[PDB]
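J.: heads up, no residue letters with this:
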């Protein structure tokens, strides 16, 4: 559950960071989401 | 201001922010404290940029 929390709060932060980027670059929807998961995994499993 | 009006004391350490006070922190107050902390660190992000 703690690991899941360290991912839920990560997404809560990343949505706020990514909203202006999604608004500015809709064509990069696939790319920007790809970071959103990846950074989350960095918060989740500590994978470099 | 919103913490003192809510009966909680804000103990800042620069970027790090925490609240000390009797009873549980209200959901609005805790969410807004998280908001202020993330906003400060995002301002630090755009400072690095």
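T.: Cool, got the structure. Numbers count the residues shown, from 1 in each chain, chains lettered A, B, ... in the order given.

J.: Please go through chain A and pick out the longest helix.
T.: Ordering each helix of chain A by length in residues (DSSP state H) puts helix A:2-24 first.

J.: so where does the residue nearest the centre of chain A fall, helix or strand?
T.: Nearest to the geometric centre of chain A sits residue A:36, at 2.6 Å (C-alpha atoms, centre = their mean). Per DSSP states H and E, residue A:36 falls inside helix A:29-45.

J.: which other helices and strands contact that helix?
T.: If you count contacts as 3 or more C-beta pairs under 8 Å, 6 or more residues apart in numbering or on different chains; DSSP states H and E, helix A:29-45 packs onto helix A:2-24. C-beta: built from backbone N, CA, C; applies to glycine.

J.: Contacts made by the helix it packs on with the rest, please.
T.: Applying C-beta atoms under 8 Å, 6 or more residues apart in numbering or on different chains, the contact partners of helix A:2-24 are A:28, A:29, A:32, A:35, A:36, A:39, A:40, A:43, A:44, B:38, B:42, B:45.

J.: so how many other residues sit close to the third one?
T.: Translated: residue A:32. Number of residues near residue A:32 (other C-beta atoms under 10 Å in any protein chain shown) recorded here: 16.

J.: just to revisit the earlier point, just the buried ones from the contacts of helix A:2-24, in PyMOL syntax?
T.: Here is the PyMOL command that selects the buried residues among these (16 or more other C-beta atoms under 10 Å in any protein chain shown):
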select buried, chain A and resi 32+36+39+40+43+44
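
J.: Make TSV from the contacts of helix A:2-24 and add distance to residue A:19 to it.
T.: Output for the contacts of helix A:2-24, formatted as TSV (distance: C-beta to C-beta, whole Å):
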residue	distance to residue A:19
A:28	13
A:29	12
A:32	10
A:35	13
A:36	11
A:39	15
A:40	16
A:43	18
A:44	21
B:38	13
B:42	11
B:45	14
